[PDB]
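Peer 1:
In the numbering used here, the protein residues as written are 16 to 80.
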């Protein structure tokens with residue numbers, strides 16, 4: 016239930032930032048997507064892909080600009 020989500024925020028200008036979240040799986044994922052949505056105004060539409068590596072959920076969030 017409790018998981019660690021690592022979010023790689025990949026911006027179209029070439030910069031990238033990372034944020035980490037821990038909480039119950041269902042709630043945490045939904046929350047990270049809602050946060051990604053707040054970044055759209057300044058960074059464009061996002062696309063996400065997911066990988067579960069060594070127990071950690073890795074989310075690559077790419078903004079189109």
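Built from N, CA and C at the ideal position, the CB exists for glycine as well.
Do residue 22 and residue 39 have their CB atoms nearer than 8 Å?
Peer 2: Contact: no.
Peer 1: Grouping DSSP H, G and I as helix and E and B as strand, with all else coil, what is residue 79?
Peer 2: Residue 79 falls in the coil class under three-state DSSP.
Peer 1: Under the DSSP definition of a beta bridge, which residues are partnered with residue 17?
Peer 2: Paired residue(s): 39.
Peer 1: Give me the DSSP bridge partner(s) of residue 47.
Peer 2: Its beta-bridge partners do not exist; DSSP assigns none.
Peer 1: Alpha carbons only, please: which of 41, 35, 30 and 78 is nearest the one belonging to residue 56?
Peer 2: For the residues 41, 35, 30 and 78, the minimum Cα distance to residue 56 belongs to 78.
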